[PDB]
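# Structure at a glance
Here are the chains, one letter per residue:
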Amino acid sequence: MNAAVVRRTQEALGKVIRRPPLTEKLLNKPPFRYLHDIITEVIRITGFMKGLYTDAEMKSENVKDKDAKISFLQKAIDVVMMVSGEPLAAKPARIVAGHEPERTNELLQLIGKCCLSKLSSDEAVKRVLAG
């Protein structure tokens, strides 16, 4: 985790979303609810990952349990890998624990890239939810 990592996340998501703030302190140690804020803002704005989460799951106070947090992130990881065809090293359990923020930022960056390319996620969402 370093300045170029921060900057790349800012470049990738900065033109896509204008909240929550993409600052170094948050990106160095991202709280789950901050990640939830990013992911739902992406969905609201671009439709990337639309349908991946229920109405209830789109509200962060409904996703405070550890398992729920981990599952929320796993779904986003799966969809982004399936859509991009790129591997992510991010492990949800570690992220929820506050570890490997550089891997978390790589997830955020690939989300940004999919948004800027206007890549559809509908087929990916269907497969991921099928399990």
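Cut-off values and rules
- Residues numbered from 1 in each chain as written, not as in the entry; some residues may be left out.
- Heavy atoms only, no water.
- Residues with missing side-chain atoms left out of burial classes, pairs and counts.
- Helix = DSSP H or I, 4+ residues; strand = E, 2+ residues; numbered from the N terminus.
- Buried < 20%, exposed > 50% of the residue type's maximum accessible area, 1.4 Å probe, protein only.
- Axes fitted to C-alpha atoms, helices over the stretch in contact; angles between N-to-C directions.
- Parallel < 35°, antiparallel > 145°, perpendicular 65-115°, else oblique.
- Left-handed = near helix turned anticlockwise from the far one by under 90°.
- Contact = heavy atoms within 4.5 Å.
- Nonpolar A, V, L, I, M, F, W, Y, C, P; charged D, E, K, R; others polar.
- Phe/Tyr/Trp six-rings, centres within 6.5 Å; stacked < 30°, edge-to-face > 60°.
- Salt bridge = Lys/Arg side-chain N within 4 Å of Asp/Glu carboxyl O.

For this deposition, the record names X-ray crystallography as the technique by which the model was determined and cites 1.593 Å as its resolution.

## Some thoughts on the side chain of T104
Locating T104 in the fold gives a position in helix α6 (residues 101-116). Look at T104 and you get buried, because its relative accessible area is 2%.

## Description of the side chain of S60
With respect to the secondary-structure elements, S60 resides in the loop between α3 (32-46) and α4 (66-84). Judged by its relative accessible area of 16%, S60 falls in the buried class.

## Re the packing of α4 against helix α7 (residues 122-130)
Between α4 and α7, whose axes approach to 9 Å, the crossing angle comes to 135°. Of the possible angle classes, the one that applies to α4 and α7 is oblique. Regarding α4 and α7, the two cross each other, and that crossing is right-handed. On α7, the residues that touch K75, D78, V79, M82 and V83 of α4 are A124, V125, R127, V128 and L129. Grouping the constituent residues of the contact of α4 with α7 by class yields 7 nonpolar, no polar and 3 charged.

## A look at the packing of aromatic side chains
Evaluation of the coordinates by the stated rule reveals 2 aromatic pairs. Ring centres 5.8 Å apart and planes at 80° place the aromatic pair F32 and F72 in the edge-to-face group. One end of the pair, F32, is in helix α3; the other, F72, is in helix α4, and 40 residues separate them in sequence. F32 gets classed as buried once you look at its relative accessible area, which sits at 10%. With relative accessibility at 3%, the residue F72 sits in the buried group. Ring geometry for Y53 and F72: centres 3.8 Å apart, planes at 5°, overall stacked. Taken together, the residues span a long stretch of sequence, with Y53 in the loop between α3 and α4 and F72 in helix α4 at a distance of 19 residues. Across the pair, exposure class does not vary: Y53 and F72 are buried alike. Through successive ring pairs, a cluster of aromatic residues spans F32, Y53 and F72.

## Considerations on the pattern of salt bridges
Throughout the structure, instances matching the rule amount to 7 salt bridges. Residue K113 is joined to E86 by a salt bridge in which the shortest nitrogen-to-oxygen separation is 2.7 Å. Residue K113 is found in helix α6, and its partner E86 is found in the loop between α4 and α5 (92-96); the two are separated by 27 residues along the sequence. Under the relative-accessibility criterion, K113 is labelled partly exposed at 44%. Where salt bridges share partners, they join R19, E41 and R44 into one cluster.

## As for the environment of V42
Tracing the backbone through its elements, the reader meets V42 in helix α3. When the C-alpha positions of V42 and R7 are compared, they lie 18 Å apart, and in sequence the two are 35 residues distant. For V42, the contacting residues outside a window of four places in its chain are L13, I17, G47, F48, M49, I111 and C115.

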